[PDB]
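Undergrad: Let me give you the structure first, and then I'll get to my questions.
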Amino acid sequence: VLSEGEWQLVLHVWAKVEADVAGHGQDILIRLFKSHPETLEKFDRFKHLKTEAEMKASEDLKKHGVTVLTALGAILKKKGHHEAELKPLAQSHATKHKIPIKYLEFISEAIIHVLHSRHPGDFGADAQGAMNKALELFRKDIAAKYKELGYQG
Ligand code: HEM
Numbered sequence: 002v003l004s005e006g007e008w009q010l011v012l013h014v015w016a017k018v019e020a021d022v023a024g025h026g027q028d029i030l031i032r033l034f035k036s037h038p039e040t041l042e043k044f045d046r047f048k049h050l051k052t053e054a055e056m057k058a059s060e061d062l063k064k065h066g067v068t069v070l071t072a073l074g075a076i077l078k079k080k081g082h083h084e085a086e087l088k089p090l091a092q093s094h095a096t097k098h099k100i101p102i103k104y105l106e107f108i109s110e111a112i113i114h115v116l117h118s119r120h121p122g123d124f125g126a127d128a129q130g131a132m133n134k135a136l137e138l139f140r141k142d143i144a145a146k147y148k149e150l151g152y153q154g
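See the structure below:
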């Protein structure tokens, strides 16, 4: 469970992200795909992209980055009271998109890295640890739903 002070660190940096949701979403998905190419293969929508320049030029990838970060921002702003938001996300990601929990760890690392690059003054070690806790809580709660449905592994 995050403390109130931890949540404030998380949402303080997240308010900075929302100034350029689309740029963040591009950086995050590109980092994910580059660092963990098995993740790109899960997207029929994106798997034609073979270079970082092609990824950066894709408007559809930029659009999806906004979809992803909007859903995550809505979860973070619930400060842990996010059951209604995780149900459908866990259901689609386990049963339709077939995304292992480990890949959620990978995108969590990408999010932390890009927040660090873009917001160093609001993403010192305290805020990095708090965002890591928030993303762990996200993964923990999604993993419990995957387990329910027979997909935790
Ligand atoms: C912070 C973590 C994530 C969030 C908040 C998120 C959010 C979303 C949302 C809101 C959608 C559209 C609605 C839906 O299908 O549920 C979506 C679609 C999808 N997501 Fe995620 N996602 C996350 C992580 C991942 C990861 C790590 C992968 C793959 C490695 C992935 C793969 C997909 C795929 C394949 C789709 C469908 C894309 C399409 O063809 O339109 N997601 N995601």
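Residue numbers in the sequence shown follow the UniProt record's numbering, run continuously in steps of one, and reach 154 at the last position.
Virtual Cβ for every residue (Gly too), placed ideally from N, Cα, C.
1. Report the three-state DSSP secondary structure of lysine 78 (helix, strand or coil).
2. Give me the Cα-Cα distance between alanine 126 and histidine 117, rounded to the nearest whole angstrom.
3. Exposed or buried, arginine 46, counting other C-beta atoms within 10 Å across all chains shown (16 or more means buried)?
4. Considering just the uninterrupted stretch of the alpha helix (DSSP H) at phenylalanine 34, what are its terminal residues?
5. Inspect the CB distances between the region 51-68 and the region 133-153 and report whether three or more fall short of 8 Å.
6. Please say whether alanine 95 and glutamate 86 have beta carbons closer to each other than 8 Å?
7. Tell me the DSSP secondary structure of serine 109 in three-state form.
TA: Reading it off the structure:
1. For the purposes of this step, residue 78 is taken as residue 77 along the sequence shown, with counting starting at 1. The DSSP-derived three-state label of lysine 78 is coil.
2. Residue mapping note: residue 126 aligns to position 125 of the sequence shown, counting from 1. Residue mapping note: residue 117 aligns to position 116 of the sequence shown, counting from 1. Straight-line measurement puts the Cα of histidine 117 at about 10 Å from the Cα of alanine 126.
3. Taking the first residue of the sequence shown as 1, we reach residue 46 at position 45. Flag for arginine 46 reads exposed.
4. Translated into the one-based positions of the sequence shown, residue 34 becomes position 33. Counting along the chain, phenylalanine 34 sits inside the alpha helix (DSSP H) bounded by residues 22-36.
5. No: fewer than three Cβ pairs fall under 8 Å.
6. Your numbering for residue 86 matches position 85 in the sequence shown. Your numbering for residue 95 matches position 94 in the sequence shown. Taking 8 Å as the Cβ cut-off, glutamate 86 and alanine 95 do not qualify as a contacting pair.
7. Counting from 1 along the sequence shown, the entry for residue 109 is found at position 108. Three-state DSSP puts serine 109 in a helix.
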